[PDB]
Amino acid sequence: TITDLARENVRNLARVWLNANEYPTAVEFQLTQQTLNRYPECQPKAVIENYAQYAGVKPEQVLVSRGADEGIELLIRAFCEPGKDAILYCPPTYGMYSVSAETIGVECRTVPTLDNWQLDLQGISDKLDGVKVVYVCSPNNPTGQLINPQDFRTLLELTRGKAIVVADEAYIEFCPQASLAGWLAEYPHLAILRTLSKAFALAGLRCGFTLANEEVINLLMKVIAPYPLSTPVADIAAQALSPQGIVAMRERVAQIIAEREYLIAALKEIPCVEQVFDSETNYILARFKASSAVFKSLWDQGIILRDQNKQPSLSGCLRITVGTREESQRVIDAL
């Protein structure tokens, strides 16, 4: 039957919302370009330049795509040979790295991080043979911490002329000083993923970026879809990336950080809450006493969180996205 014609790997491979790391409030935007009958630019000029000014890079070092998710796929499609090359990631982390490789047909090499979520440098150096792309989320999802920049430098020296190192900075707006965007001059093999889905409050736009050196970007352009971005998305993205939009964005980051600190202080006092881990993002990882029990309870109360109990070493943990003061108080009361 039809199913027998599909590739073997393809055969084998939810919706108070505080589970997807979205900004809790909707920032309104309206269209300004009524040119829907014509195909859009392959890489919207206004979007690429506005983002390059914001990120502090050159326009030729930016690539716009359908979220950071498409960015993850592009890197594998351009550098990894199916059945020959490997990808490497360090659990517990964002699940789309292995899903894309599994869907495409590339092998996964996993080197779990140390107990403090930091990189197991010696383990990575031992499993690099055959690896073409290394993904590192910093700050990490779901744990919330930054990877020591000194260890990142070591990772970069290890992969020079061997593999591409991709730093997922989907949550960098929360700790802007920790960005590796300035390292592009020093490292040809460094690529960074960015997005408008979190701090920018535009998850519905499906708009992301890849920051890398001209050489890498030019290669990715060869594997990307002819018109990866719609005109309405490029329209709103340029409005959100204007100087006033970047000011409003920072106001949002501020509000979330303040609220995050309140939520962390309150959670520590709660008995069932065994441990609250520090974060430099818009979510909090916390180990609970009988996590799935409390998860179901809140779930039945209309408080949607994200269970991480199945993740390597995240037994008993739930990931809570930071929302409004009313939503935080709602989770506090329920606990």
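Numbering starts at 1 and runs along the sequence shown.
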{"property": "Missing-residue flag, residue 14, threshold a third of other entries", "result": "yes"}
{"property": "Gap size between residue 14 and residue 13, counted in deposited residues that the entry leaves unmodelled", "result": "4 to 9"}
{"property": "Residues with no coordinates between residue 15 and residue 16, taken from the deposited sequence as a class", "result": "4 to 9"}
{"property": "Residue stretch of maximal mean CA temperature factor, 184-192 vs 69-77", "result": "184-192"}
{"property": "Higher-scoring stretch by recorded Cα B factor average, 172-180 or 156-164", "result": "156-164"}
{"property": "Options 39, 283, 299, 51 - largest CA temperature factor per the record", "result": "299"}
{"property": "Criterion, highest CA B-factor; candidates, 230, 197, 244, 100", "result": "244"}
{"property": "Entry-reported Cα temperature factor of residue 125, expressed as the chain third it lands in", "result": "middle"}
{"property": "Chain thirds of CA B-factor: placement of residue 107", "result": "highest"}
{"property": "CA B-factor ranking of residue 59, expressed as a third of its chain", "result": "lowest"}
{"property": "CA B-factor ranking of residue 19, expressed as a third of its chain", "result": "middle"}
{"property": "Residue 91 CA temperature factor, ranked by third within the chain", "result": "middle"}
